[PDB]
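Source file upload.cif; content: mmCIF, C-alpha atoms.
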data_model
loop_
_atom_site.label_atom_id
_atom_site.label_comp_id
_atom_site.auth_asym_id
_atom_site.auth_seq_id
_atom_site.Cartn_x
_atom_site.Cartn_y
_atom_site.Cartn_z
CA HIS A 9 119.31 54.90 99.56
CA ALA A 10 120.60 55.24 103.17
CA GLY A 11 122.65 52.31 104.38
CA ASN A 12 122.92 50.65 100.93
CA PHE A 13 126.08 48.68 99.99
CA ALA A 14 127.78 51.89 98.78
CA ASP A 15 127.18 53.64 102.10
CA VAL A 16 128.68 50.67 103.88
CA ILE A 17 131.98 50.68 101.98
CA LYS A 18 132.18 54.49 101.88
CA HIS A 19 131.56 54.88 105.62
CA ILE A 20 133.91 52.11 106.75
CA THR A 21 136.52 53.75 104.49
CA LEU A 22 135.84 57.09 106.22
CA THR A 23 136.19 55.48 109.68
CA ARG A 24 139.61 53.98 108.79
CA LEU A 25 140.81 57.34 107.43
CA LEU A 26 139.63 59.14 110.61
CA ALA A 27 141.21 56.48 112.85
CA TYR A 28 144.57 56.99 111.10
CA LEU A 29 144.66 60.75 110.97
CA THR A 30 143.65 61.27 114.59
CA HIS A 31 146.92 59.52 115.58
CA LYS A 32 148.61 62.88 115.19
CA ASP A 33 148.02 65.29 118.06
CA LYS A 34 147.72 68.34 115.83
CA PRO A 35 144.35 69.76 114.66
CA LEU A 36 142.79 68.39 111.53
CA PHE A 37 140.52 70.27 109.15
CA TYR A 38 137.68 67.95 108.08
CA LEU A 39 135.76 69.13 104.99
CA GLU A 40 132.65 67.51 103.49
CA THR A 41 131.47 68.81 100.13
CA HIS A 42 128.08 66.97 100.16
CA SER A 43 127.02 66.41 103.80
CA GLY A 44 123.32 65.57 103.30
CA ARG A 45 121.01 65.60 106.33
CA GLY A 46 123.47 63.76 108.63
CA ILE A 47 121.18 61.05 110.10
CA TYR A 48 118.66 58.80 108.29
CA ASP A 49 115.41 57.46 109.67
CA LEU A 50 115.06 53.99 108.20
CA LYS A 51 111.41 53.77 109.34
CA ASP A 52 109.88 56.86 107.75
CA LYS A 53 107.48 56.64 104.78
CA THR A 58 112.69 51.21 99.12
CA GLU A 59 114.45 49.45 102.02
CA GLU A 60 117.91 49.37 100.38
CA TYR A 61 119.53 49.12 103.81
CA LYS A 62 118.35 45.47 104.03
CA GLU A 63 121.08 44.64 101.49
CA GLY A 64 123.76 46.97 102.73
CA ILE A 65 124.14 47.64 106.41
CA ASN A 66 121.53 45.13 107.61
CA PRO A 67 123.46 41.83 106.93
CA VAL A 68 126.64 43.44 108.27
CA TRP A 69 124.85 44.74 111.36
CA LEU A 70 123.03 41.49 112.08
CA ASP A 71 126.37 39.62 111.95
CA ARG A 72 128.31 42.28 113.83
CA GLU A 73 129.71 39.90 116.50
CA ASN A 74 131.47 38.02 113.74
CA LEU A 75 133.15 40.98 112.03
CA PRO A 76 136.92 41.58 111.91
CA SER A 77 138.14 44.27 114.33
CA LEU A 78 138.61 46.74 111.40
CA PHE A 79 134.80 47.16 111.61
CA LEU A 80 134.77 48.25 115.26
CA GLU A 81 134.62 52.03 114.84
CA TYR A 82 131.95 51.76 112.15
CA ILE A 83 129.75 49.43 114.17
CA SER A 84 130.16 51.41 117.41
CA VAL A 85 128.68 54.53 115.75
CA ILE A 86 125.69 52.57 114.38
CA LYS A 87 125.23 51.07 117.87
CA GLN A 88 125.34 54.58 119.41
CA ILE A 89 122.75 56.22 117.18
CA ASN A 90 120.23 53.36 117.63
CA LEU A 91 118.26 52.92 120.88
CA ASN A 92 118.51 49.14 120.83
CA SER A 93 119.61 46.25 118.56
CA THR A 94 116.96 46.94 115.93
CA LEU A 95 118.16 49.22 113.16
CA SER A 96 116.00 52.34 113.20
CA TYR A 97 118.57 54.97 112.19
CA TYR A 98 121.58 55.00 109.92
CA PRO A 99 124.24 57.74 110.46
CA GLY A 100 125.45 59.93 107.63
CA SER A 101 129.15 60.70 107.17
CA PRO A 102 128.99 63.81 109.41
CA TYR A 103 127.70 61.64 112.32
CA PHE A 104 130.70 59.30 111.88
CA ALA A 105 133.14 62.25 111.75
CA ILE A 106 131.76 63.94 114.86
CA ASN A 107 132.21 60.65 116.71
CA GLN A 108 135.83 60.02 115.77
CA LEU A 109 137.26 63.54 115.57
CA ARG A 110 138.57 65.55 118.55
CA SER A 111 137.74 68.84 120.25
CA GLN A 112 140.85 70.39 118.64
CA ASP A 113 139.75 69.55 115.08
CA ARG A 114 137.53 71.63 112.82
CA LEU A 115 134.63 70.19 110.84
CA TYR A 116 133.21 72.06 107.93
CA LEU A 117 130.05 70.55 106.45
CA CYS A 118 128.45 71.77 103.20
CA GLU A 119 124.97 71.02 101.96
CA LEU A 120 123.19 72.59 98.98
CA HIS A 121 119.58 71.37 99.52
CA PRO A 122 117.61 73.58 101.96
CA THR A 123 115.58 70.75 103.56
CA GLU A 124 118.68 68.58 103.96
CA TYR A 125 120.68 71.53 105.29
CA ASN A 126 117.95 72.31 107.83
CA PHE A 127 118.12 68.73 109.15
CA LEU A 128 121.93 68.88 109.30
CA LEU A 129 121.62 71.89 111.65
CA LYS A 130 120.11 69.43 114.18
CA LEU A 131 123.14 67.05 114.44
CA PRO A 132 124.69 66.84 117.92
CA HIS A 133 128.20 68.39 118.11
CA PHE A 134 129.18 66.85 121.46
CA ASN A 135 132.40 68.74 122.32
CA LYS A 136 133.47 69.11 118.64
CA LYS A 137 133.76 72.22 116.59
CA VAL A 138 131.20 71.90 113.78
CA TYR A 139 130.49 74.52 111.07
CA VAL A 140 127.44 73.76 108.94
CA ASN A 141 127.16 75.70 105.66
CA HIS A 142 124.34 76.02 103.11
CA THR A 143 126.53 76.21 100.05
CA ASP A 144 127.84 74.45 96.99
CA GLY A 145 130.55 72.34 98.69
CA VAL A 146 132.43 71.67 95.43
CA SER A 147 132.82 75.44 94.88
CA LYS A 148 134.07 75.75 98.50
CA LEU A 149 137.13 73.58 97.88
CA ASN A 150 138.82 76.59 96.27
CA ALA A 151 138.13 79.00 99.18
CA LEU A 152 138.97 76.77 102.15
CA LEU A 153 142.26 75.13 101.13
CA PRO A 154 145.02 75.12 102.26
CA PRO A 155 143.51 75.31 105.76
CA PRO A 156 145.28 77.10 108.67
CA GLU A 157 145.56 73.66 110.37
CA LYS A 158 147.76 72.60 107.41
CA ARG A 159 146.34 69.09 107.82
CA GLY A 160 143.10 68.10 106.09
CA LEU A 161 140.74 65.26 105.26
CA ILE A 162 138.48 66.23 102.33
CA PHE A 163 135.61 63.75 101.97
CA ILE A 164 133.69 64.11 98.73
CA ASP A 165 130.42 62.23 98.27
CA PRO A 166 128.64 63.51 95.11
CA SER A 167 125.27 62.20 93.91
CA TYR A 168 126.28 62.21 90.19
CA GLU A 169 122.62 62.99 89.32
CA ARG A 170 124.13 65.16 86.51
CA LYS A 171 126.47 63.53 83.99
CA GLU A 172 128.57 66.69 84.15
CA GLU A 173 129.50 65.87 87.79
CA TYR A 174 131.88 63.22 86.45
CA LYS A 175 134.03 66.02 84.99
CA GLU A 176 133.24 68.81 87.50
CA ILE A 177 134.47 66.73 90.43
CA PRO A 178 137.96 65.80 89.24
CA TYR A 179 138.36 69.38 87.95
CA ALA A 180 137.60 70.75 91.43
CA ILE A 181 139.90 68.20 93.17
CA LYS A 182 142.71 68.97 90.72
CA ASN A 183 142.41 72.68 91.61
CA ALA A 184 142.23 71.95 95.35
CA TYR A 185 145.23 69.61 95.14
CA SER A 186 147.33 72.31 93.37
CA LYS A 187 146.85 74.58 96.46
CA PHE A 188 147.06 71.86 99.12
CA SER A 189 148.99 68.90 97.74
CA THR A 190 149.48 67.18 101.15
CA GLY A 191 145.75 66.98 101.98
CA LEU A 192 144.06 63.57 102.16
CA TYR A 193 141.37 63.58 99.43
CA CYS A 194 138.72 60.84 99.36
CA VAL A 195 136.07 60.86 96.62
CA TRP A 196 133.29 58.27 96.26
CA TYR A 197 132.02 57.36 92.76
CA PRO A 198 129.42 54.97 91.34
CA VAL A 199 129.59 52.39 88.58
CA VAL A 200 126.38 53.03 86.63
CA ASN A 201 127.81 53.64 83.16
CA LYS A 202 131.31 52.19 82.79
CA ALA A 203 132.30 54.72 80.14
CA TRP A 204 131.45 57.70 82.33
CA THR A 205 133.26 56.15 85.30
CA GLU A 206 136.37 55.43 83.17
CA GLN A 207 136.45 59.08 81.99
CA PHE A 208 136.17 60.24 85.61
CA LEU A 209 138.97 57.85 86.62
CA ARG A 210 141.32 59.09 83.82
CA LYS A 211 140.97 62.65 85.16
CA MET A 212 141.51 61.47 88.77
CA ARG A 213 144.64 59.59 87.67
CA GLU A 214 146.19 62.77 86.23
CA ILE A 215 146.10 64.64 89.58
CA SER A 216 148.56 62.52 91.54
CA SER A 217 150.29 59.17 91.47
CA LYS A 218 150.22 58.89 95.27
CA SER A 219 146.77 57.36 95.02
CA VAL A 220 144.72 54.26 95.68
CA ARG A 221 141.52 53.22 93.96
CA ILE A 222 139.19 50.74 95.66
CA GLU A 223 136.03 49.25 94.12
CA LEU A 224 133.32 46.83 95.17
CA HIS A 225 131.23 45.17 92.49
CA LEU A 226 128.00 43.32 93.13
CA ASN A 227 128.10 41.59 89.69
CA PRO A 228 124.34 41.12 89.32
CA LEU A 229 123.37 39.39 86.06
CA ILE A 230 121.53 42.52 84.81
CA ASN A 231 123.63 45.70 84.47
CA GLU A 232 120.86 48.07 85.59
CA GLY A 233 121.35 50.96 88.03
CA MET A 234 124.43 51.07 90.25
CA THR A 235 126.14 47.69 89.97
CA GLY A 236 129.20 48.70 91.97
CA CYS A 237 131.03 51.69 93.34
CA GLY A 238 134.48 52.87 94.37
CA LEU A 239 136.63 55.40 96.18
CA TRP A 240 139.68 57.25 94.93
CA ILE A 241 142.08 58.39 97.67
CA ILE A 242 144.96 60.80 97.23
CA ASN A 243 147.66 60.57 99.90
CA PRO A 244 146.25 57.46 101.48
CA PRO A 245 147.60 56.51 104.93
CA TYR A 246 150.27 54.12 105.83
CA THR A 247 148.77 50.63 106.03
CA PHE A 248 145.40 51.63 104.50
CA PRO A 249 145.78 49.49 101.32
CA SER A 250 146.14 46.29 103.36
CA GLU A 251 143.43 47.19 105.89
CA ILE A 252 140.96 48.06 103.14
CA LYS A 253 141.64 44.70 101.41
CA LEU A 254 140.49 42.86 104.56
CA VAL A 255 137.40 45.07 104.69
CA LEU A 256 136.52 44.48 101.00
CA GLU A 257 137.09 40.71 101.27
CA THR A 258 134.74 40.64 104.27
CA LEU A 259 132.05 42.68 102.45
CA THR A 260 132.02 40.34 99.41
CA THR A 261 130.99 37.57 101.84
CA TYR A 262 127.82 39.62 102.68
CA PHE A 263 126.97 41.22 99.33
CA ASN A 264 125.98 38.69 96.58
CA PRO A 265 128.40 36.13 97.99
CA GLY A 266 129.98 33.87 95.43
CA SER A 267 129.54 36.52 92.72
CA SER A 268 130.62 39.88 94.14
CA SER A 269 134.22 41.06 93.69
CA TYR A 270 136.53 43.93 94.66
CA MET A 271 139.72 45.48 93.40
CA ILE A 272 142.43 47.74 94.79
CA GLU A 273 144.85 49.57 92.52
CA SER A 274 147.54 51.93 93.66
CA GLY A 275 149.24 54.68 91.70
CA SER A 276 152.80 54.55 90.42
CA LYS A 277 154.07 56.19 93.59
CA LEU A 278 152.09 54.19 96.16
CA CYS A 279 152.67 51.08 98.27
#
Structure encoded using structure tokens:
Amino acid sequence: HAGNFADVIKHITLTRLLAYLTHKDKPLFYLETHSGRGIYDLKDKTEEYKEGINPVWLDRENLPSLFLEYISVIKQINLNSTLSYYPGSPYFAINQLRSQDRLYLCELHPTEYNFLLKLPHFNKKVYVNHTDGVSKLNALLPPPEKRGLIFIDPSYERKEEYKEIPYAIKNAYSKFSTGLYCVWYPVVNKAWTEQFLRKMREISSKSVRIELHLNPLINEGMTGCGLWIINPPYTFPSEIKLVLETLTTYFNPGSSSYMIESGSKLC
């Protein structure tokens, strides 16, 4: 599903988080629990990107400046103006992070992991690991850098992931309560998502939840998605509102919607 609507909101979110955190001239630990293969060939042998990135990309000269970092990476990976490749989250991170930072990328699938070994590092410090990323949360936090962005992008192919994930974040948060945690989740079965969200809510009240809903007339497959952020940056709630408003003009316009909800200790 590379470059679908969920990738678009998740990756722009990532770019805004990276843009904020790199304001501080102290090293950042960047941890991905589910890195995938890192770059996606849109021309190999369903074109979901046509309804995600493609309308956004085609109209790029009309986008608000909050989209700049996201667009520039998509521009970079592609040889010309025709979309041939879509970057994965590690390709965004390597672009925005600095030589002083430390990237730790986890991937469980052997084929995907083998492709991830081929990502350029430029002058960044990139550790690629063939491992259960969710299990790694416990071992790697708190990091020596004492500053961390933990970007969690599960597939939720198992129902049990909706309870495993908040369990792992709760444990991680107990050991490193000042880390910036960002977890993506789908809306496929509202009940499962609501149970996931109740567990996320228990971890910390310094939180923001963002969601983007396509509102198709048939509730089949993923009809929307969201991200839950613990310790979100200064100014992120209002930036992300502009982003989400813009996206609803590209995805099912007239019917799509978004929401933003912050915890009891966030504004």
Residue nearest residue 127 in chain A among A:15, A:73, A:232, A:49 (counting only C-alpha atoms):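 So, comparing all the options, the nearest one is A:49.
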Using all atoms listed in the file, which of A:128, A:152, A:83, A:29 sits nearest residue 187 in chain A?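 Among the listed residues, A:152 lies closest to residue 187 in chain A.
If only C-alpha atoms are the atoms counted, then among A:153, A:37, A:53, A:82 the closest residue to residue 138 in chain A is A:37.
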So what does the PyMOL selection byres ((chain A and resi 97-111) around 8) actually pick up in this one, as a ChimeraX atom specification? /A:10-11,19,22-23,26-27,30,40,43-51,82,85-86,89-90,95-96,112-115,117,131,133-137
Run the PyMOL selection byres ((chain A and resi 77) around 12) against the file shown and list the residues it catches, as a list in words. residues 20, 24, 72, 73, 74, 75, 76, 78, 79, 80, 81, 82, 83, 84, 251, 254, 255 and 258 of chain A
Straight-line distance linking CA of residue 71 in chain A with CA of residue 270 in chain A, stated in Å to one decimal: 20.5 Å
A:277, A:205, A:245, A:123 ranked by distance to residue 172 in chain A, top pick (using only C-alpha atoms):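 Under the stated criterion, the closest residue is A:205.
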Name all residues at most 8 Å from residue 161 in chain A (count all atoms listed in the file; drop same-chain ones fewer than 6 positions away) and give them as a PyMOL selection string. chain A and resi 36-39+191-194
Residue by residue, what does the PyMOL selection byres ((chain A and resi 64) around 8) grab here? Present the result as a list in words.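 Applying the expression gives residues 11, 12, 13, 14, 15, 16, 60, 61, 62, 63, 65, 66, 67, 68 and 263 of chain A.
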Centre and edge lengths, as lines of an AutoDock Vina configuration file, for the axis-aligned box enclosing every listed atom of range 137-148 of chain A with 3 Å of padding on each of the six sides, in Å to one decimal?
center_x = 129.2
center_y = 73.9
center_z = 105.7
size_x = 15.7
size_y = 10.5
size_z = 27.7
Step by step: start from the point (139.2, 79.3, 95.5) in the file's coordinates, keep every protein, DNA or RNA residue that has an atom no farther than 12 Å from it, count all atoms listed in the file, and write the set as a VMD selection string. chain A and resid 145 to 155 180 to 188
For CA of residue 229 in chain A and CA of residue 267 in chain A, quote the distance in Å rounded to one decimal.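 These two atoms are separated by 9.5 Å.
CA of residue 25 in chain A sits 13.1 Å away from CA of residue 164 in chain A.
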Non-local contacts of residue 209 in chain A (9 Å; all atoms listed in the file; under 4 positions in same chain excluded) as a ChimeraX atom specification: /A:174,178,204-205,213-214,240
Could you pull the residues within 9 Å of residue 279 in chain A, counting only C-alpha atoms, minus those fewer than 6 positions along the same chain, as JSON, numbers by chain? {"A": [218, 220, 246, 247, 249]}
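If all atoms listed in the file are the atoms counted, then among A:70, A:195, A:140, A:203 the closest residue to residue 171 in chain A is A:203.
When all atoms listed in the file are used to compute distances to residue 159 in chain A, the closest of the residues A:228, A:179, A:190, A:94 turns out to be A:190.
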Hey, what's within 12 Å of residue 269 in chain A if we count only C-alpha atoms and toss same-chain stuff fewer than 6 positions away? As a list in words, please?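 Once the nearby chain positions are removed, what remains is residues 222, 223, 224, 225, 226, 227, 228, 235, 236, 237, 238, 253, 256, 257, 258, 259, 260, 261, 262 and 263 of chain A.
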Writer output for current selection, C-alpha atoms, as a PDB file, in the frame of the given file:
ATOM      1  CA  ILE A 222     139.190  50.740  95.660  1.00  0.00           C
ATOM      2  CA  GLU A 223     136.030  49.250  94.120  1.00  0.00           C
ATOM      3  CA  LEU A 224     133.320  46.830  95.170  1.00  0.00           C
ATOM      4  CA  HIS A 225     131.230  45.170  92.490  1.00  0.00           C
ATOM      5  CA  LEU A 226     128.000  43.320  93.130  1.00  0.00           C
ATOM      6  CA  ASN A 227     128.100  41.590  89.690  1.00  0.00           C
ATOM      7  CA  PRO A 228     124.340  41.120  89.320  1.00  0.00           C
ATOM      8  CA  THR A 235     126.140  47.690  89.970  1.00  0.00           C
ATOM      9  CA  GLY A 236     129.200  48.700  91.970  1.00  0.00           C
ATOM     10  CA  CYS A 237     131.030  51.690  93.340  1.00  0.00           C
ATOM     11  CA  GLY A 238     134.480  52.870  94.370  1.00  0.00           C
ATOM     12  CA  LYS A 253     141.640  44.700 101.410  1.00  0.00           C
ATOM     13  CA  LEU A 256     136.520  44.480 101.000  1.00  0.00           C
ATOM     14  CA  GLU A 257     137.090  40.710 101.270  1.00  0.00           C
ATOM     15  CA  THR A 258     134.740  40.640 104.270  1.00  0.00           C
ATOM     16  CA  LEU A 259     132.050  42.680 102.450  1.00  0.00           C
ATOM     17  CA  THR A 260     132.020  40.340  99.410  1.00  0.00           C
ATOM     18  CA  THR A 261     130.990  37.570 101.840  1.00  0.00           C
ATOM     19  CA  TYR A 262     127.820  39.620 102.680  1.00  0.00           C
ATOM     20  CA  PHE A 263     126.970  41.220  99.330  1.00  0.00           C
TER      21      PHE A 263
END
